[PDB]
Amino acid sequence: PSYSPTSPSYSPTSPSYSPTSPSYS
Amino acid sequence: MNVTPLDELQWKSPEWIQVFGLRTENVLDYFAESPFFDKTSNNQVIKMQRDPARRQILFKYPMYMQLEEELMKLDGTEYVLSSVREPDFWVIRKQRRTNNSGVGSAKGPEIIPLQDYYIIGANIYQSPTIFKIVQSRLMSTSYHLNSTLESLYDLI
Amino acid sequence: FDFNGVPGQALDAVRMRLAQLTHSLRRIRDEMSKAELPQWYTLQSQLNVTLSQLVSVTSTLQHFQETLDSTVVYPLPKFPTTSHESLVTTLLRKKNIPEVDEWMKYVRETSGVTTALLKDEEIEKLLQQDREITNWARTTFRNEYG
Amino acid sequence: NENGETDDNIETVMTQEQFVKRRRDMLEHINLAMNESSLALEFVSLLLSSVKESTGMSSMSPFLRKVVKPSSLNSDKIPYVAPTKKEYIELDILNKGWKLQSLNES
Amino acid sequence: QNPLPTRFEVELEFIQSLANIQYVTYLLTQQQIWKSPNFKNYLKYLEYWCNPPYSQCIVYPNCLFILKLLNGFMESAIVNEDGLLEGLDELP
Amino acid sequence: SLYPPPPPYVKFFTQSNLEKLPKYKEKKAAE
Amino acid sequence: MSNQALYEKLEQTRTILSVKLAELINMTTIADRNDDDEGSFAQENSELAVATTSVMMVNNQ
């Protein structure tokens with residue numbers, strides 16, 4: 001009962017959270 | 001010198017040739033994660049040198065089940081109706097993907113817990129994370145961005 | 001009985017304050033878009049001032065179980081439905097810092113320290129404590145305001 | 001004096017591009033934090049384990065379509081110790097003096 | 001017209017283009033090329049031009065200095081998750 | 001973008017190939 | 001009447017008194033004041049949120 005429904009926004013296009021360095025064998 | 005620290009990428013395609021398809025998957029992870037440090041590998045090298053409550057919940061199907069016996073053997077502090085392990089690494093899985101932990105088990109008749117690290121493993125990548133670490137994340141992010149917002153209240 | 005009671009003791013408590021900071025931001029976000037008219041400089045401070053307050057309670061709610069939660073450190077295992085559409089899982093379970101961490105360095109390097117170790121560092125602590133004690137001097141001067 | 005202080009408290013301005021771009025800054029830079037507080041609402045679905053948890057969960061429309069209660073943890077009260085006891089943690093408290101200093105400079 | 005350049009010709013042309021500050025900038029503030037260590041490793045490999053007989057082919061001497069800087073920077077440069085070079089985020 | 005991309009040879013500069021290099025250089029000693 | 005108008009002014013004055021003090025005192029806490037003494041009751045633990053106290057202090061105080 002805080003407000004009513006819960007505000008969507010879900011996002012994978014954001015800045016980024018993952019890096020990358022163990023690509024090499 | 002830049003670190004990848006709180007889990008990042010995989011090791012990929014290199015034991016994709018050696019082939020990943022469960023059971024072998026665990027060993028592929030070992031090379032990849034750069035995170036087999038003692039017991040599981042140690043068990044591996046010695047040979048290479050020449051239930052639990054959670055386990056009951058888990059239930060092991062195929063050769064990894066055999067290894068499991070070996071791992072208990074490797075690492076078992078023994079009490080009357082109980083056994084505890086040192087540094088074993090192990091897994092829980094489904095279909096395309098699974099998740100694995102490296103743990104310490106404390107047992108009893110009506111309860112048993114393993115304290116460990118847990119790692120999920122989909123398509124050549126490992127995830128190892130923490131709530132509270134998890135929060136600080138987009139939380140501090142929310143606020144730095146709110147203070148960009150507050151800085152913009154530089155309006156008359 | 002199959003699977004486990006994992007964690008999340010005060011998780012409900014985080015969610016509540018996580019929501020209120022979401023709820024106060026979200027509403028300001030909705031208005032923020034009717035830039036046709038800004039709500040009254042009273043109104044925005046009422047919403048953006050308790051909207052910042054919301055994050056103090058949400059800031060503190062994090063520390064209160066702060067031992068408990070970084071210790072809990074749960075990483076997800078789920079339905080393989082989570083595995084399809086992928087990323088959502090990478091995204092939704094990920095902790096980082098944004099472009100943010102950078103002015104965090106600007107700030108860290110803005111201090112007078114960095115690689116000189118322990119003995120000289122312990123000393124700086126005693127010195128900062130002396131600054132807080134010279135701040136007590138504020139107590140003395142406040143008596144004067146009388 | 002009061003009228004003039006009230007004028008500065010009327011947001012009022014006649015700026016072209018100057019006034020325009022600035023308010024767009026507010027929109028985006030505020031929106032970011034609004035959107036990241038929504039990751040905060042996603043930790044809500046992360047509970048699962050309870051009906052009141054589902055309630056919190058429906059917060060995402062994607063939660064409306066991602067049924068599972070998904071996640072689980074163990075015990076590293078030891079890692080809490082490491083967070084607190086590390087020489088790194090002593091040092092990090094220096095990041096507290098450092099940001100706070102630049103805040104005092106502001 | 002001449003045939004397509006040789007590898008030696010391609011690398012000599014390329015190392016020398018780094019003598020142009022703007023271009024080096026356009027690279028430093030790329031995204032993709034810093035995700036993987038490939039480019040970073042390539043630039044260190046290119047230091048082969050800094051010694052004879054190779055260096056005797058360099059017409060644009062600055063490119064060698066800039067390569068050296070560029071290289072030493074990279075070793076301690078922190079790479080963001082996207083590719084963004086961290087130590088540069090404040091600049092355009 | 002009149003600014004060229006780095007030479008195609010960059011793709012070969014993986015950490016896996018770098019590791020194999022010292023032994024390869026040896027073997028070689030034996031366009 | 002006049003009385004009610006003044007009351008407000010007095011309250012405003014009290015508010016003005018109580019916040020350069022919070023800027024000074026919170027300065028101590030913002031600068032981080034981790035205590036070897038167990039009795040001292042100010043906290044700055046978690047990363048973001050304990051230096052966030054510094055960002056909030058700024059805008060608030």
# chains A, B, ... in the order shown; residues from 1 in each chain; ligands from 1
call {"tool": "residues_around", "arguments": {"residues": "region 37-50 of chain B", "least_positions_apart": "6", "cutoff": "6 Å", "atoms": "only C-alpha atoms", "output": "PDB file with N, CA, C and O atoms, in the first residue's frame"}}
result
ATOM      1  N   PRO B  87      38.100 -27.479   1.818  1.00  0.00           N
ATOM      2  CA  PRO B  87      38.092 -26.563   0.687  1.00  0.00           C
ATOM      3  C   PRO B  87      37.602 -27.237  -0.604  1.00  0.00           C
ATOM      4  O   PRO B  87      38.201 -27.059  -1.662  1.00  0.00           O
ATOM      5  N   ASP B  88      36.515 -28.002  -0.526  1.00  0.00           N
ATOM      6  CA  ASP B  88      35.996 -28.663  -1.731  1.00  0.00           C
ATOM      7  C   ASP B  88      35.156 -27.691  -2.582  1.00  0.00           C
ATOM      8  O   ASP B  88      34.430 -26.840  -2.034  1.00  0.00           O
ATOM      9  N   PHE B  89      35.297 -27.803  -3.911  1.00  0.00           N
ATOM     10  CA  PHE B  89      34.513 -27.014  -4.903  1.00  0.00           C
ATOM     11  C   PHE B  89      33.476 -27.928  -5.594  1.00  0.00           C
ATOM     12  O   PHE B  89      33.848 -29.029  -5.942  1.00  0.00           O
TER      13      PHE B  89
END
call {"tool": "closest_atom_pairs", "arguments": {"of": "chain A", "to": "chain E", "cutoff": "12 Å", "atoms": "only C-alpha atoms", "output": "JSON lines"}}
result
{"residue": "A:13", "atom": "CA", "partner": "E:82", "partner_atom": "CA", "distance": 11.3}
{"residue": "A:14", "atom": "CA", "partner": "E:82", "partner_atom": "CA", "distance": 10.4}
{"residue": "A:15", "atom": "CA", "partner": "E:82", "partner_atom": "CA", "distance": 7.4}
{"residue": "A:16", "atom": "CA", "partner": "E:82", "partner_atom": "CA", "distance": 5.8}
{"residue": "A:17", "atom": "CA", "partner": "E:81", "partner_atom": "CA", "distance": 5.9}
{"residue": "A:18", "atom": "CA", "partner": "E:81", "partner_atom": "CA", "distance": 4.8}
{"residue": "A:19", "atom": "CA", "partner": "E:81", "partner_atom": "CA", "distance": 3.1}
{"residue": "A:20", "atom": "CA", "partner": "E:35", "partner_atom": "CA", "distance": 5.9}
{"residue": "A:21", "atom": "CA", "partner": "E:36", "partner_atom": "CA", "distance": 6.5}
{"residue": "A:22", "atom": "CA", "partner": "E:36", "partner_atom": "CA", "distance": 8.8}
{"residue": "A:23", "atom": "CA", "partner": "E:36", "partner_atom": "CA", "distance": 7.2}
{"residue": "A:24", "atom": "CA", "partner": "E:37", "partner_atom": "CA", "distance": 8.3}
call {"tool": "write_last_selection", "arguments": {"atoms": "C-alpha atoms", "output": "mmCIF file, in the first residue's frame"}}
result
data_model
loop_
_atom_site.group_PDB
_atom_site.id
_atom_site.type_symbol
_atom_site.label_atom_id
_atom_site.label_comp_id
_atom_site.auth_asym_id
_atom_site.auth_seq_id
_atom_site.Cartn_x
_atom_site.Cartn_y
_atom_site.Cartn_z
ATOM 1 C CA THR A 13 21.133 -1.011 -22.511
ATOM 2 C CA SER A 14 22.441 0.998 -19.468
ATOM 3 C CA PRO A 15 26.174 2.119 -19.184
ATOM 4 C CA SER A 16 27.679 -1.288 -18.197
ATOM 5 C CA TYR A 17 28.677 -3.300 -15.133
ATOM 6 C CA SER A 18 30.812 -6.093 -16.688
ATOM 7 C CA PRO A 19 34.506 -5.544 -17.763
ATOM 8 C CA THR A 20 36.597 -8.152 -19.824
ATOM 9 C CA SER A 21 40.204 -9.566 -19.544
ATOM 10 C CA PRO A 22 40.309 -13.395 -19.431
ATOM 11 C CA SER A 23 39.365 -13.742 -23.103
ATOM 12 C CA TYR A 24 42.843 -15.012 -23.976
#
call {"tool": "atom_distance", "arguments": {"atom1": "CA of residue 142 (chain B)", "atom2": "CA of residue 47 (chain G)"}}
result
13.9 Å
call {"tool": "residues_around", "arguments": {"residues": "residue 32 (chain C)", "least_positions_apart": "3", "cutoff": "9 Å", "atoms": "only C-alpha atoms", "output": "NGL selection string"}}
result
(:C and (27-29 or 35 or 38-39)) or (:D and (23 or 26-28 or 30-31))
call {"tool": "residues_around", "arguments": {"residues": "residue 61 (chain G)", "least_positions_apart": "6", "cutoff": "12 Å", "atoms": "only C-alpha atoms", "output": "list in words"}}
result
residues 49 of chain C; 103 and 104 of chain D; 15, 16, 17, 18, 19, 20, 21, 22, 23, 24, 25, 26, 27, 53, 54 and 55 of chain G
call {"tool": "residues_around", "arguments": {"residues": "region 5-7 of chain A", "least_positions_apart": "3", "cutoff": "7 Å", "atoms": "only C-alpha atoms", "output": "VMD selection string"}}
result
chain D and resid 58 to 60
call {"tool": "atom_distance", "arguments": {"atom1": "CA of residue 57 (chain B)", "atom2": "CA of residue 84 (chain B)"}}
result
17.3 Å
call {"tool": "select_by_dssp", "arguments": {"residues": "chain G", "states": "helix (DSSP H, G or I)", "output": "VMD selection string"}}
result
chain G and resid 2 to 30 47 to 60
call {"tool": "write_last_selection", "arguments": {"atoms": "N, CA and C atoms", "output": "tab-separated table (two decimals), in the first residue's frame"}}
result
chain	number	residue	atom	x	y	z
G	2	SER	N	0.60	39.84	15.09
G	2	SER	CA	2.00	40.23	15.03
G	2	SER	C	2.84	39.13	15.72
G	3	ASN	N	2.34	38.70	16.89
G	3	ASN	CA	2.86	37.57	17.69
G	3	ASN	C	3.09	36.28	16.87
G	4	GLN	N	2.05	35.86	16.16
G	4	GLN	CA	2.12	34.66	15.33
G	4	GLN	C	3.17	34.82	14.24
G	5	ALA	N	3.21	36.02	13.65
G	5	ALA	CA	4.20	36.35	12.61
G	5	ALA	C	5.66	36.24	13.13
G	6	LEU	N	5.86	36.76	14.33
G	6	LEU	CA	7.16	36.71	14.98
G	6	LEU	C	7.59	35.27	15.33
G	7	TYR	N	6.67	34.51	15.92
G	7	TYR	CA	6.92	33.10	16.31
G	7	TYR	C	7.65	32.38	15.21
G	8	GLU	N	7.18	32.60	13.99
G	8	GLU	CA	7.77	32.00	12.80
G	8	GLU	C	9.22	32.44	12.66
G	9	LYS	N	9.46	33.73	12.86
G	9	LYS	CA	10.79	34.29	12.73
G	9	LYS	C	11.73	33.70	13.78
G	10	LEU	N	11.22	33.54	14.99
G	10	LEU	CA	11.99	32.94	16.07
G	10	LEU	C	12.38	31.50	15.75
G	11	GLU	N	11.42	30.77	15.19
G	11	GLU	CA	11.64	29.38	14.80
G	11	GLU	C	12.72	29.32	13.73
G	12	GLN	N	12.65	30.25	12.77
G	12	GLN	CA	13.62	30.34	11.68
G	12	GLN	C	15.01	30.62	12.22
G	13	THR	N	15.08	31.48	13.22
G	13	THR	CA	16.33	31.79	13.88
G	13	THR	C	16.92	30.56	14.56
G	14	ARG	N	16.06	29.81	15.24
G	14	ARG	CA	16.48	28.59	15.92
G	14	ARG	C	17.02	27.57	14.89
G	15	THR	N	16.35	27.51	13.74
G	15	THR	CA	16.77	26.64	12.64
G	15	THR	C	18.13	27.05	12.11
G	16	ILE	N	18.33	28.36	11.95
G	16	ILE	CA	19.60	28.91	11.49
G	16	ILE	C	20.70	28.60	12.50
G	17	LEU	N	20.39	28.64	13.80
G	17	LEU	CA	21.35	28.27	14.85
G	17	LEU	C	21.77	26.79	14.80
G	18	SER	N	20.78	25.95	14.51
G	18	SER	CA	21.00	24.52	14.50
G	18	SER	C	21.26	24.02	13.08
G	19	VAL	N	22.48	24.20	12.56
G	19	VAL	CA	22.84	23.64	11.22
G	19	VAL	C	24.25	24.02	10.74
G	20	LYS	N	24.76	25.16	11.19
G	20	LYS	CA	26.20	25.41	11.03
G	20	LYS	C	26.92	24.49	11.99
G	21	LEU	N	26.26	24.18	13.11
G	21	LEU	CA	26.64	23.20	14.11
G	21	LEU	C	26.65	21.76	13.58
G	22	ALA	N	25.63	21.43	12.79
G	22	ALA	CA	25.53	20.14	12.10
G	22	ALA	C	26.54	20.08	10.95
G	23	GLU	N	26.84	21.22	10.33
G	23	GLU	CA	27.87	21.29	9.29
G	23	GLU	C	29.25	21.10	9.89
G	24	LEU	N	29.46	21.67	11.08
G	24	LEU	CA	30.69	21.50	11.84
G	24	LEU	C	30.80	20.09	12.41
G	25	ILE	N	29.77	19.66	13.16
G	25	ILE	CA	29.75	18.35	13.84
G	25	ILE	C	29.75	17.19	12.84
G	26	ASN	N	28.92	17.32	11.80
G	26	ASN	CA	28.83	16.34	10.71
G	26	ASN	C	30.10	16.36	9.88
G	27	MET	N	30.83	17.48	9.91
G	27	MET	CA	32.16	17.53	9.31
G	27	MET	C	33.04	16.41	9.90
G	28	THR	N	33.01	16.29	11.24
G	28	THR	CA	33.78	15.27	11.98
G	28	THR	C	33.43	13.90	11.49
G	29	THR	N	32.14	13.58	11.58
G	29	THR	CA	31.54	12.35	11.05
G	29	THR	C	31.75	12.15	9.53
G	30	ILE	N	31.70	13.23	8.74
G	30	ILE	CA	31.93	13.15	7.28
G	30	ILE	C	33.38	12.81	6.97
G	47	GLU	N	30.65	1.70	2.04
G	47	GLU	CA	31.22	2.57	0.99
G	47	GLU	C	30.35	3.75	0.59
G	48	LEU	N	29.53	3.51	-0.43
G	48	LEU	CA	28.64	4.52	-0.99
G	48	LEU	C	27.94	5.33	0.10
G	49	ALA	N	27.23	4.64	1.00
G	49	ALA	CA	26.36	5.32	1.94
G	49	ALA	C	27.06	6.17	3.02
G	50	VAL	N	28.30	5.82	3.39
G	50	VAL	CA	29.00	6.61	4.42
G	50	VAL	C	29.66	7.86	3.87
G	51	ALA	N	30.03	7.81	2.58
G	51	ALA	CA	30.46	9.03	1.88
G	51	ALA	C	29.27	9.75	1.25
G	52	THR	N	28.15	9.03	1.13
G	52	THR	CA	26.86	9.64	0.77
G	52	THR	C	26.40	10.58	1.87
G	53	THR	N	26.63	10.21	3.13
G	53	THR	CA	26.42	11.14	4.23
G	53	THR	C	27.07	12.47	3.86
G	54	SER	N	28.27	12.45	3.28
G	54	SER	CA	28.95	13.68	2.84
G	54	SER	C	28.23	14.47	1.73
G	55	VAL	N	27.71	13.77	0.71
G	55	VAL	CA	26.84	14.38	-0.32
G	55	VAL	C	25.50	14.94	0.20
G	56	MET	N	24.85	14.23	1.13
G	56	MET	CA	23.61	14.71	1.79
G	56	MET	C	23.84	15.89	2.71
G	57	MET	N	24.90	15.83	3.52
G	57	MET	CA	25.31	16.94	4.43
G	57	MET	C	25.41	18.23	3.65
G	58	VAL	N	26.16	18.17	2.53
G	58	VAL	CA	26.33	19.28	1.59
G	58	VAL	C	25.01	19.93	1.25
G	59	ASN	N	24.14	19.22	0.52
G	59	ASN	CA	22.80	19.72	0.19
G	59	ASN	C	21.92	20.10	1.44
G	60	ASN	N	21.72	19.17	2.39
G	60	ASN	CA	20.98	19.44	3.66
G	60	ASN	C	21.43	20.64	4.50
call {"tool": "residues_around", "arguments": {"residues": "region 18-22 of chain F", "least_positions_apart": "3", "cutoff": "12 Å", "atoms": "only C-alpha atoms", "output": "PyMOL selection string"}}
result
(chain A and resi 24-25) or (chain E and resi 37-38+41-42+44-45) or (chain F and resi 11-15+25-29)
call {"tool": "residues_around", "arguments": {"residues": "residue 34 (chain G)", "least_positions_apart": "3", "cutoff": "9 Å", "atoms": "only C-alpha atoms", "output": "ChimeraX atom specification"}}
result
/C:125 /D:93 /G:29,37,40,42-45
call {"tool": "write_last_selection", "arguments": {"atoms": "C-alpha atoms", "output": "PDB file, in the first residue's frame"}}
result
ATOM      1  CA  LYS C 125      44.075   9.174  12.068  1.00  0.00           C
TER       2      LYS C 125
ATOM      3  CA  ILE D  93      37.835   4.851   5.782  1.00  0.00           C
TER       4      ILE D  93
ATOM      5  CA  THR G  29      31.542  12.351  11.051  1.00  0.00           C
ATOM      6  CA  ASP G  37      36.422   3.387  21.872  1.00  0.00           C
ATOM      7  CA  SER G  40      31.112   6.404  20.703  1.00  0.00           C
ATOM      8  CA  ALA G  42      28.466   7.770  15.254  1.00  0.00           C
ATOM      9  CA  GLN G  43      28.763   5.398  12.270  1.00  0.00           C
ATOM     10  CA  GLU G  44      30.426   5.521   8.864  1.00  0.00           C
ATOM     11  CA  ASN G  45      30.712   1.913   7.638  1.00  0.00           C
TER      12      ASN G  45
END
call {"tool": "atom_distance", "arguments": {"atom1": "CA of residue 131 (chain C)", "atom2": "CA of residue 143 (chain B)"}}
result
28.2 Å
call {"tool": "interface_residues", "arguments": {"of": "chain D", "to": "chain A", "cutoff": "10 Å", "atoms": "only C-alpha atoms", "output": "list in words"}}
result
residues 32, 34, 35, 36, 37, 38, 39, 41, 42, 55, 56, 57, 58, 59, 60, 61, 62 and 63 of chain D
call {"tool": "interface_residues", "arguments": {"of": "chain E", "to": "chain F", "cutoff": "12 Å", "atoms": "only C-alpha atoms", "output": "count of residues only"}}
result
35
call {"tool": "closest_atom_pairs", "arguments": {"of": "chain B", "to": "chain F", "cutoff": "12 Å", "atoms": "only C-alpha atoms", "output": "CSV"}}
result
residue,atom,partner,partner_atom,distance
B:11,CA,F:16,CA,11.0
B:12,CA,F:16,CA,11.4
B:13,CA,F:16,CA,11.4
B:14,CA,F:16,CA,9.2
call {"tool": "interface_residues", "arguments": {"of": "chain B", "to": "chain G", "cutoff": "10 Å", "atoms": "only C-alpha atoms", "output": "PyMOL selection string"}}
result
chain B and resi 132-133+135-141+143-144+147+150-151
call {"tool": "interface_residues", "arguments": {"of": "chain B", "to": "chain A", "cutoff": "10 Å", "atoms": "only C-alpha atoms", "output": "count of residues only"}}
result
20
call {"tool": "interface_residues", "arguments": {"of": "chain D", "to": "chain B", "cutoff": "12 Å", "atoms": "only C-alpha atoms", "output": "MDAnalysis selection string"}}
result
chainID D and resid 5:15 18:44 46:47 71:80 83 106
call {"tool": "closest_atom_pairs", "arguments": {"of": "chain C", "to": "chain D", "cutoff": "8 Å", "atoms": "only C-alpha atoms", "output": "tab-separated table"}}
result
residue	atom	partner	partner_atom	distance
C:4	CA	D:72	CA	8.0
C:6	CA	D:72	CA	5.0
C:7	CA	D:73	CA	5.7
C:8	CA	D:47	CA	6.6
C:11	CA	D:47	CA	6.8
C:12	CA	D:47	CA	7.4
C:15	CA	D:44	CA	5.1
C:18	CA	D:40	CA	5.3
C:19	CA	D:41	CA	5.8
C:21	CA	D:37	CA	6.7
C:22	CA	D:37	CA	4.7
C:25	CA	D:34	CA	5.0
C:26	CA	D:34	CA	5.4
C:29	CA	D:31	CA	5.7
C:32	CA	D:27	CA	5.6
C:33	CA	D:27	CA	6.4
C:35	CA	D:23	CA	7.2
C:40	CA	D:10	CA	7.9
C:41	CA	D:9	CA	6.7
C:67	CA	D:80	CA	5.4
C:68	CA	D:77	CA	7.2
C:70	CA	D:80	CA	6.3
C:71	CA	D:76	CA	4.6
C:72	CA	D:73	CA	5.4
C:73	CA	D:73	CA	5.9
C:74	CA	D:73	CA	3.8
C:75	CA	D:71	CA	5.9
C:76	CA	D:71	CA	3.8
C:77	CA	D:71	CA	5.3
C:78	CA	D:70	CA	4.4
C:79	CA	D:68	CA	6.0
C:81	CA	D:66	CA	6.9
C:82	CA	D:66	CA	6.8
C:92	CA	D:42	CA	7.1
C:104	CA	D:99	CA	7.1
C:107	CA	D:99	CA	4.9
C:108	CA	D:98	CA	5.0
C:109	CA	D:98	CA	7.5
C:110	CA	D:98	CA	6.4
C:111	CA	D:98	CA	4.5
C:112	CA	D:98	CA	7.9
call {"tool": "write_last_selection", "arguments": {"atoms": "N, CA and C atoms", "output": "short mmCIF file (atom, residue, chain, number, x, y, z; two decimals), in the first residue's frame"}}
result
data_model
loop_
_atom_site.label_atom_id
_atom_site.label_comp_id
_atom_site.auth_asym_id
_atom_site.auth_seq_id
_atom_site.Cartn_x
_atom_site.Cartn_y
_atom_site.Cartn_z
N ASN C 4 16.41 -24.64 0.08
CA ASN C 4 16.71 -24.09 1.40
C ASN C 4 16.25 -22.66 1.73
N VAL C 6 17.57 -19.71 2.52
CA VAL C 6 18.84 -19.15 2.11
C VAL C 6 19.25 -17.97 2.97
N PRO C 7 18.60 -16.81 2.76
CA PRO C 7 18.93 -15.55 3.43
C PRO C 7 17.76 -14.58 3.45
N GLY C 8 18.07 -13.28 3.56
CA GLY C 8 17.09 -12.21 3.40
C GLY C 8 16.33 -11.77 4.65
N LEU C 11 16.15 -8.33 4.52
CA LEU C 11 15.95 -8.04 3.10
C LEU C 11 14.67 -7.25 2.91
N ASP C 12 13.62 -7.62 3.65
CA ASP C 12 12.33 -6.92 3.59
C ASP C 12 12.52 -5.48 3.98
N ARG C 15 14.14 -3.61 1.18
CA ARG C 15 13.14 -3.43 0.10
C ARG C 15 12.23 -2.25 0.30
N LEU C 18 14.18 0.77 0.02
CA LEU C 18 14.62 0.72 -1.38
C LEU C 18 13.50 1.27 -2.25
N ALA C 19 12.29 1.05 -1.76
CA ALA C 19 11.10 1.42 -2.47
C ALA C 19 10.77 2.88 -2.27
N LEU C 21 12.67 5.32 -1.66
CA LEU C 21 13.68 6.13 -2.36
C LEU C 21 13.43 6.03 -3.86
N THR C 22 12.87 4.88 -4.25
CA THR C 22 12.41 4.66 -5.60
C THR C 22 11.18 5.48 -5.82
N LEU C 25 11.76 9.25 -5.87
CA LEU C 25 12.50 9.60 -7.08
C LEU C 25 11.54 9.49 -8.26
N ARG C 26 10.84 8.37 -8.36
CA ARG C 26 9.98 8.09 -9.50
C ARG C 26 9.02 9.23 -9.70
N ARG C 29 10.64 12.14 -10.99
CA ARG C 29 10.98 11.82 -12.39
C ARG C 29 9.82 12.08 -13.35
N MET C 32 9.47 15.74 -13.52
CA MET C 32 10.67 16.25 -14.16
C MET C 32 10.46 16.35 -15.66
N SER C 33 9.55 15.52 -16.20
CA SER C 33 9.27 15.47 -17.63
C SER C 33 8.27 16.53 -18.11
N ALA C 35 8.42 19.47 -17.98
CA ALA C 35 9.29 20.65 -17.92
C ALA C 35 8.59 21.86 -18.54
N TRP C 40 6.11 24.16 -7.87
CA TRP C 40 6.53 25.39 -7.13
C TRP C 40 7.77 25.20 -6.28
N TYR C 41 8.80 26.04 -6.42
CA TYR C 41 10.08 25.81 -5.67
C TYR C 41 9.92 25.34 -4.23
N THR C 67 26.69 -6.01 8.45
CA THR C 67 27.48 -7.23 8.68
C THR C 67 26.79 -8.38 7.96
N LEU C 68 25.49 -8.51 8.21
CA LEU C 68 24.70 -9.65 7.74
C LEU C 68 24.67 -9.80 6.22
N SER C 70 26.53 -8.35 3.37
CA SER C 70 27.76 -8.62 2.58
C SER C 70 28.23 -10.05 2.87
N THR C 71 28.06 -10.50 4.11
CA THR C 71 28.22 -11.91 4.47
C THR C 71 27.29 -12.91 3.72
N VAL C 72 26.03 -12.53 3.54
CA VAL C 72 25.03 -13.38 2.85
C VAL C 72 25.45 -13.62 1.42
N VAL C 73 25.76 -12.53 0.72
CA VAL C 73 26.37 -12.60 -0.60
C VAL C 73 25.77 -13.62 -1.61
N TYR C 74 24.45 -13.70 -1.69
CA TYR C 74 23.81 -14.69 -2.58
C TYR C 74 23.97 -14.43 -4.09
N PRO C 75 24.49 -15.44 -4.83
CA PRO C 75 24.39 -15.41 -6.30
C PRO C 75 23.37 -16.43 -6.85
N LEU C 76 22.68 -15.97 -7.88
CA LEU C 76 21.45 -16.59 -8.30
C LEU C 76 21.66 -17.82 -9.11
N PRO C 77 20.76 -18.77 -8.91
CA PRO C 77 20.38 -20.04 -9.45
C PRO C 77 18.86 -20.00 -9.47
N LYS C 78 18.26 -20.47 -10.55
CA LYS C 78 16.82 -20.26 -10.72
C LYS C 78 16.17 -21.28 -11.63
N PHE C 79 15.02 -20.87 -12.17
CA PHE C 79 14.41 -21.51 -13.31
C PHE C 79 15.31 -21.21 -14.50
N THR C 81 14.24 -20.44 -17.30
CA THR C 81 13.56 -19.23 -17.81
C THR C 81 14.40 -17.96 -17.61
N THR C 82 14.98 -17.81 -16.43
CA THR C 82 16.00 -16.80 -16.20
C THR C 82 17.16 -16.88 -17.26
N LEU C 92 20.47 -7.79 -13.46
CA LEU C 92 19.73 -7.77 -12.20
C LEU C 92 20.50 -8.31 -10.98
N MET C 104 35.20 9.44 -7.57
CA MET C 104 35.56 8.80 -6.30
C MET C 104 37.09 8.76 -6.17
N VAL C 107 38.31 12.33 -5.83
CA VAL C 107 38.17 12.66 -4.41
C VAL C 107 39.25 12.01 -3.57
N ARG C 108 39.47 10.70 -3.77
CA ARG C 108 40.51 9.97 -3.05
C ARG C 108 41.89 10.63 -3.30
N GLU C 109 42.23 10.86 -4.56
CA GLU C 109 43.46 11.57 -4.90
C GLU C 109 43.43 13.05 -4.43
N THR C 110 42.24 13.60 -4.18
CA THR C 110 42.12 14.96 -3.67
C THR C 110 42.58 15.04 -2.21
N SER C 111 42.47 13.93 -1.47
CA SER C 111 43.03 13.85 -0.12
C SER C 111 44.55 13.92 -0.18
N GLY C 112 45.17 14.13 0.98
CA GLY C 112 46.62 14.04 1.08
C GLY C 112 47.04 12.70 1.64
#
